[PDB]
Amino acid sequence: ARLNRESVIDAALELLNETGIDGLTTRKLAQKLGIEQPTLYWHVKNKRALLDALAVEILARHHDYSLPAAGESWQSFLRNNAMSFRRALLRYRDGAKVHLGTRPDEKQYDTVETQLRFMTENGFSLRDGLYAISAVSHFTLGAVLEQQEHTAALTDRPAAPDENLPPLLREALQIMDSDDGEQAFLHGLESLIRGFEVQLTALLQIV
């Protein structure tokens, strides 16, 4: 096996889709690369180092709407950015789980700084811009986590035995699983954005 950074992460990503985040072991990574663990240890000191790098690479490779277009409204950038973040989290098994608990990396500083600055130039205080970004981020992670983990868990349950399901819930779940949760996410996303807009344009009035 070739053992530069890009080769290690490629292989770690393959493994993540075979085994999930819980089977992403240094031991199994070494098997994958056909090397002995101490060779691996020279390049990758532990699982956390690895999870952090993966979190960053996942977005670097598949998160393509991280900056606003020229003249694009804040409402639009936030929608496009959340969509882009979702596709990215979703391209790998337990990908949301891999992002969880990370904070921005040095390679991401410039990008996140621009996002923050961009909100502030649209009339958000830093505090409110921070909250809008966080809310979008938290909402999108939760939706993707519930979706991916429910699909993981699907294999180990007796699965909604119905009959004794009451009527609304019964119809609710049929609807929730009509699709991957995209409609639900997209509808919620609009609610969030609109809600921030009425806050912004309230200024110092009571809303």
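All residue numbers are counted from 1 along the displayed sequence.
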| task | Can you check if, in at least a third of the other PDB entries compared, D179 has no modelled coordinates? | result | no
| said: Considering only other entries where residues before and after it are modelled, is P166 without coordinates in at least a third? | reply: no
| field | Average Cα temperature factor in the PDB entry - higher stretch of 83-91, 132-140 | value | 83-91
| query | So which stretch wins on mean C-alpha B-factor, 3-11 or 198-206? | reply | 198-206
| remark: Entry record, C-alpha B-factors for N164, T39, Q147, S66; the maximum is at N164
| note | Among the modelled residues of its chain, the C-alpha B-factor of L16 falls in the third labelled middle
| request: Grab the CA temperature factor for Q183 from the record and place it in the lowest, middle or highest third of its chain. | output: middle
| note | Chain thirds by Cα B factor, record data; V56 belongs to the lowest
